[PDB]
Amino acid sequence: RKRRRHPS
Amino acid sequence: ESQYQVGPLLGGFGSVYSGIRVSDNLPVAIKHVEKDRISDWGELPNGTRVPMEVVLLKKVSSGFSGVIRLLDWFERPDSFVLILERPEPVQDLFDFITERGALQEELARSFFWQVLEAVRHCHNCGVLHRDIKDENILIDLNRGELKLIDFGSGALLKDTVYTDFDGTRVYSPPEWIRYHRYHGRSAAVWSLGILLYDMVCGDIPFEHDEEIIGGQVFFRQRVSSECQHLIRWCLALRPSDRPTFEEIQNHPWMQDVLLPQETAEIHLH
Ligand SMILES: CN1CCC(CNC2=NC(=O)C(Cc3csc(-c4ccc(OC(F)(F)F)cc4)n3)=[SH]2)CC1
């Protein structure tokens with residue numbers, strides 16, 4: 001699990 | 001145009017530029033939105049047809065708050081340009097959590113309280129943000145004040161069912177995932193629980209649909225029983241089992257919040 005942004 | 005000195009691009013961050021208002025050297029953000037990319041439109045008090053984003057920003061931008069303020073806007077042939085407040089110095093909460101890791105509960109309490117107050121302000125103004133997440137929160141690092149941004153997925157607040165959503169799926173509730181519907185307030189409380197977990201654990205709890213609907217919250221970090229309880233309550237699977245904003249703010253974990261300036265002096269300066 002890499003911390004990532006998530007698009008809307 | 002002549003009113004603004006346009007600086008560099010800020011931040012897959014849409015098209016937002018650093019700016020300075022010429023009349024008084026005010027730091028601003030200049031956000032460009034293409035007309036062809038806008039799905040939801042509204043009308044202003046005077047029936048000028050504008051993106052919903054503009055309608056919602058005007059509704060929340062009267063007075064001071066934890067919401068970024070729309071100072072002006074312009075229509076161009078193929079786009080709208082939005083002049084927004086820009087705190088300085090600033091970091092968004094997503095990058096803050098990435099760099100610092102899991103937040104001390106004292107800090108998480110202050111931040112979470114401020115987001116709660118900001119979202120109450122939206123609701124009092126008839127606005128549902130629909131994309132509450134760490135990426136849409138700016139921290140004024142000198143003042144210790146949080147600011148909610150990006151009303152591009154928002155809607156007018158209503159008490160009936162919503163059947164459309166273009167927010168962030170990993171912050172969306174199980175009733176959305178399973179049934180393609182939600183009520184505004186209870187959905188917002190779900191997303192606030194995801195955010196609170198993100199703050200105290202250093203990352204969001206769920207990545208996949210099955211986890212969202214599963215109703216199982218595992219704590220990877222040391223978190224107080226009272227904070228764990230608030231998070232699990234916000235993430236109740238049944239919308240009606242979730243707390244009201246009042247119940248959140250009266251929760252034992254939410255007592256003795258630091259003031260923004262105290263927060264800045266202890267945790268940010
Ligand atoms: C995930 N989303 C994607 C779209 C992004 C752009 N869409 C937006 N909608 C808005 O209302 C905005 C308002 C606003 C005012 S001040 C500001 C800002 C200042 C410094 C930044 O850089 C940093 F942090 F490094 F200093 C980054 C952002 N943004 S930004 C916002 C984040």
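Below, each value reflects all heavy atoms present in this structure, side chains not excepted, and no hydrogens, waters or symmetry copies. Lettering of chains follows the sequences in order, A, B, ..., and the numbering in each one begins at 1.
At a 4.5 Å heavy-atom cutoff, the contact between B:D166 and chain A is made by backbone atoms alone. At a 4.5 Å heavy-atom cutoff, the contact between B:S153 and chain A is made by side-chain atoms alone.
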*Is there a side chain to side chain contact (heavy atoms under 4.5 Å, CB included) between A:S8 and B:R169 once you walk through the steps?*
CA-CA 7 Å; A:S8 300; B:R169 189 175 187 79; over 6 Å; no

*Passes salt bridge (charged side-chain N to carboxylate O under 4.0 Å, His left out), A:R5 versus B:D134? Steps please.*
CA-CA 9 Å; A:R5 293 174 175 269; B:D134 57 3; over 6 Å; no

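Every side chain to side chain donor-acceptor pair (under 3.5 Å) that B:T263 has, sequence neighbours left out, goes to B:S110.
To the nearest 0.5 Å, atom CZ of residue A:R1 and atom CG of residue B:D203 are 7.0 Å apart.
Checked by atom type, the side-chain pair B:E135/A:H6 shows no donor-acceptor distance below 3.5 Å.
The cationic atom of A:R4 (NZ for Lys, CZ for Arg) does not lie both less than 6.0 Å from the six-membered ring centre of B:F94 and within 45° of the ring axis.
Chain A forms more heavy-atom pairs under 4.5 Å with one residue of B:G152, B:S172, B:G167 than with any other, namely B:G167.
Annotation for B:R181: atom CZ does not count as buried by contact number, only 12 or fewer foreign heavy atoms lying within 6.0 Å.
When the heavy atoms of residues 99-109 of chain B are compared with those of chain A, none of the residues falls under 4.5 Å.
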